[PDB]
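Novice: Protein chains in written order, with PDB author numbering: chain C, 9 to 190; chain A, 9 to 190. First the structure, which I've put down as structure tokens, then a few questions once you've had a look.
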Ligand SMILES: COc1ccc2c(c1OC)C(=O)O[C@@H]2[C@H]1c2c(cc3c(c2OC)OCO3)CCN1C
Ligand SMILES: COc1ccc2c(c1OC)C(=O)O[C@@H]2[C@H]1c2c(cc3c(c2OC)OCO3)CCN1C
């Protein structure tokens, strides 16, 4: 099924990178390799769709825990940071794959913009405090990559030192905030 | 010699993480695991010695390129940033290996203290501008990991989009400077 292949592609891309074979992915999904291509016509297609599926999963937990009572930009961003830190901690495979898929040459401009416009409110809540350079078409991926690099580092230190996780998350957040916001 | 094991360790920890087995390291170097254990009594000893050797290779490349006439603290830091990014693009396995080793649990803090004190002038150069949080005993490793996560993203984008390399290095540097310095 389409769902069993996206899950195998998630784990494979997280462990082996974007160079994961489609022969490994369908095999790790219980279907033959031909079924993979009858759902995802090309390697690049599965790359782009899984990005859309992973970003949809990630933001749906971003906005799910977001307090709509909050109106201050920084406090609101602290909510989204804590949710993203928690999502990666609760879903280590999806976070690793969404990292390697956001980086890649293979993501088309249509998938990149649709990943932002899929949740328009959260986009404006996740972008309208940024350095304007990081919302440009040419540096938006890089801006997402600095954020995710800082978040991953925050995840690792926290899971490996739970007593201090509360401080890693706060320090990581302020560091991210000075790095990317205006 | 040991160099084959140290190099195999670099490639393997950069690929399969600190979780990489002693057997493949030894095997990808064409030496017996026993011999690996004849030179490194534990996997922990291997990981602490490797971190020392890898930090020495990186720090000396940093000081090999310094200009002793750069007396501005921020400009001097930008030179060191340029060196580190350059060192990471020329040796992506050594750089990828240094990030996982530095954030791992099994690295004794006598080891990483010895890593910073083998180049004391470099140590005080790159740490003189840092916030107190990131010079603390508890959050020093966290500061190095945030720096390295930002540099790694900078290297990844500069290598894959070289038409825009200069912007990534500059934006990466300024992002890092806001995140970690007073
Ligand atoms: C609604 O659509 C989106 C919003 C924001 C982002 C992406 C995105 O599309 C899927 C993306 O791919 O990456 C960022 C990045 C990010 C967030 C929140 C931020 C921030 C960020 O990095 C620029 O800067 C300060 O607040 C949320 C989590 N996400 C990893
Ligand atoms: C030799 O002595 C050292 C100096 C600086 C650092 C370490 C170190 O020991 C090996 C270290 O392990 O971590 C940092 C980190 C780092 C550098 C340069 C920086 C910086 C850094 O991290 C906070 O911030 C401001 O500029 C250089 C590279 N290195 C990865």
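Ideal Cβ placement from N, Cα and C applies to all residues, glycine included.
Compare the C-beta of residue 194 of chain A with all C-beta atoms of chain C and state if any pair is closer than 8 Å.
Specialist: Chain A is shown only over 9 to 190; residue 194 of chain A falls outside these bounds and no answer can be derived.
Novice: Considering only the beta carbon of each residue, do residue 133 of chain A and residue 102 of chain A sit closer than 8 Å?
Specialist: For residue 133 of chain A and residue 102 of chain A, no; Cβs fall outside 8 Å.
Novice: Just the Cα atoms here: how many angstroms apart are residue 55 of chain C and residue 33 of chain C?
Specialist: Approximately 12 Å between the Cα atoms of the pair.
Novice: Is residue 50 of chain C helix, strand or coil by DSSP?
Specialist: Correct three-state label for residue 50 of chain C: coil.
Novice: What residues in its chain sit with their C-beta under 8 Å from that of residue 108 of chain A, if we drop five residues either side in the sequence?
Specialist: Around residue 108 of chain A: 21, 22, 25, 26.
Novice: Please list the residues of the region 38-68 of chain A that have a C-beta atom closer than 7 Å to any C-beta atom in chain C, keeping them in chain order.
Specialist: For the region 38-68 of chain A, which is checked against every Cβ of chain C, not one residue is closer than 7 Å.
Novice: Counting Cβ pairs, one atom from each stretch, are 3 or more of them under 8 Å apart for the region 65-85 of chain C and the region 38-56 of chain C?
Specialist: No, the region 65-85 of chain C is not in contact with the region 38-56 of chain C.
Novice: Counting only Cβ-Cβ distances shorter than 9 Å, please list the residues of the region 137-151 of chain C near chain A, keeping chain order.
Specialist: Taking 9 Å as the Cβ-Cβ cut-off against chain A, the residues of the region 137-151 of chain C that qualify are 139, 141, 142, 146, 147, 149, 150, 151.
Novice: Which ranges would you report for the alpha helix (DSSP H) in the region 55-108 of chain C if only whole runs of at least 4 residues count?
Specialist: DSSP runs (the alpha helix (DSSP H)) wholly in the region 55-108 of chain C: 81-98.
Novice: Which class does residue 116 of chain A belong to by DSSP, given the choice of helix, strand or coil?
Specialist: Here residue 116 of chain A sits in coil by DSSP.
Novice: Near residue 58 of chain C, what residues of its chain come up, given a Cβ to Cβ distance below 8 Å and the 5 sequence neighbours on each side ignored?
Specialist: 14, 17, 18, 21, 105, 109, listed in sequence order.
Novice: Nearest to residue 127 of chain C by alpha carbon, out of C:64, C:83, C:136?
Specialist: Comparing Cα-Cα distances from residue 127 of chain C to each of C:64, C:83, C:136, the minimum goes to C:64.
Novice: When you compare the region 161-170 of chain A with the region 150-161 of chain C, are there three or more beta-carbon pairs, one atom per stretch, that lie closer than 8 Å?
Specialist: Touching, yes.
Novice: Quick check on residue 86 of chain A - is its C-beta less than 8 Å from some C-beta in chain C?
Specialist: Not closer than 8 Å to any Cβ of chain C, the Cβ of residue 86 of chain A fails to qualify, so no.
Novice: Just the chain A side, please: which residues come within less than 8 Å of residue 115 of chain C by C-beta, in chain order?
Specialist: Going along chain A, no residue has its Cβ under 8 Å from residue 115 of chain C, so there is no contact; the nearest lies around 12 Å.
Novice: Any contact of the region 83-94 of chain C with the region 168-182 of chain C, i.e. 3+ C-beta pairs under 8 Å?
Specialist: A contact exists between the region 83-94 of chain C and the region 168-182 of chain C.
Novice: CA-CA distance, residue 173 of chain C and residue 113 of chain A?
Specialist: Rounded to whole angstroms, residue 173 of chain C to residue 113 of chain A spans 15 Å at the Cα level.
Novice: Can the beta-carbon of residue 42 of chain A be found less than 8 Å from the beta-carbon of residue 12 of chain A?
Specialist: No, the pair does not count as a contact, with Cβ atoms beyond the cut-off.
Novice: Skipping 5 residues on each side, what residues in its chain have a beta carbon closer than 8 Å to that of residue 36 of chain C?
Specialist: Result list for residue 36 of chain C: 16, 19, 20, in chain order.
Novice: Going by beta carbon distance, what residues of the same chain come within less than 6 Å of residue 111 of chain A, once the five residues before and after it are set aside?
Specialist: Only 153 meet the Cβ criterion.
Novice: Going by beta-carbon coordinates alone, are residue 151 of chain C and residue 138 of chain C separated by less than 8 Å?
Specialist: Yes, Cβ-Cβ distance for residue 151 of chain C and residue 138 of chain C is below 8 Å.
Novice: With residue 166 of chain A and residue 97 of chain A assumed to form a contact (beta carbons below 8 Å), what rounded beta-carbon distance in angstroms separates them?
Specialist: Yes, they are in contact, since the Cβ atoms of residue 166 of chain A and residue 97 of chain A sit about 7 Å apart, within 8 Å.
Novice: With a 10 Å radius around its C-beta and 16 neighbouring C-beta atoms as the bar for buried, classify residue 140 of chain A as buried or exposed.
Specialist: Counting Cβ neighbours within 10 Å, residue 140 of chain A comes out exposed, since fewer than 16 surround it.
Novice: Below 7 Å on C-beta distance, what does residue 157 of chain A contact in chain C?
Specialist: Under the 7 Å cutoff, chain C gives 157, 158, 160, 161.
Novice: Quick one: is residue 154 of chain A near chain C, going by C-beta distance under 8 Å?
Specialist: Interface residue, yes.
Novice: May I ask you to report which of helix, strand or coil DSSP gives residue 138 of chain A?
Specialist: In this structure, residue 138 of chain A counts as strand in the three-state DSSP scheme.
Novice: Is there a Cβ of chain A sitting closer than 8 Å to that of residue 111 of chain C, yes or no?
Specialist: With 8 Å as the cut-off, residue 111 of chain C counts as an interface residue toward chain A.
Novice: Less than 7 Å between the CB of residue 176 of chain C and some heavy atom of ligand 2, yes or no?
Specialist: Outside the cutoff, so no.
Novice: For residue 120 of chain A, count neighbouring C-beta atoms within 10 Å of its own C-beta (all shown protein chains included) and say buried if the count is 16 or more, exposed if not.
Specialist: Classification of residue 120 of chain A: buried, given that the 10 Å Cβ count is 16 or more.
Novice: With a CB to CB cut of under 8 Å and the five nearest residues on each side skipped, what residues in its chain are close to residue 93 of chain C?
Specialist: Same-chain partners within the cutoff: 159, 162, 163, 166, 177, 180.
Novice: Identify each residue in the region 175-186 of chain A for which the Cβ-Cβ distance to at least one residue of chain C is less than 8 Å, and report them in chain order.
Specialist: Within the region 175-186 of chain A, the qualifying residues are 175, 176, 179, 180, 183, 184, 186.
Novice: Could you check the C-alpha separation between residue 169 of chain A and residue 115 of chain C for me, to the nearest Å?
Specialist: The alpha-carbon atoms of residue 169 of chain A and residue 115 of chain C are separated by roughly 14 Å.
Novice: Return the chain-ordered list of same chain residues with a C-beta closer than 8 Å to the C-beta of residue 45 of chain C, the five sequence neighbours on each side being excluded.
Specialist: Contacts found: 30.
Novice: Nearest to residue 184 of chain A by alpha carbon, out of A:40, A:142, A:125?
Specialist: If we check each option's Cα against that of residue 184 of chain A, A:142 comes out closest.
Novice: Give the interface partners of residue 190 of chain A over in chain C, defined as CB-CB distance under 9 Å, in chain order.
Specialist: Neighbours of residue 190 of chain A on chain C: none; closest Cβ ~11 Å, over 9 Å.
Novice: For my contact list, residue 122 of chain A and residue 60 of chain A are in at a C-beta cut-off of 8 Å; report their separation, rounded to the angstrom.
Specialist: Indeed they touch by this definition, with Cβ atoms about 7 Å apart.
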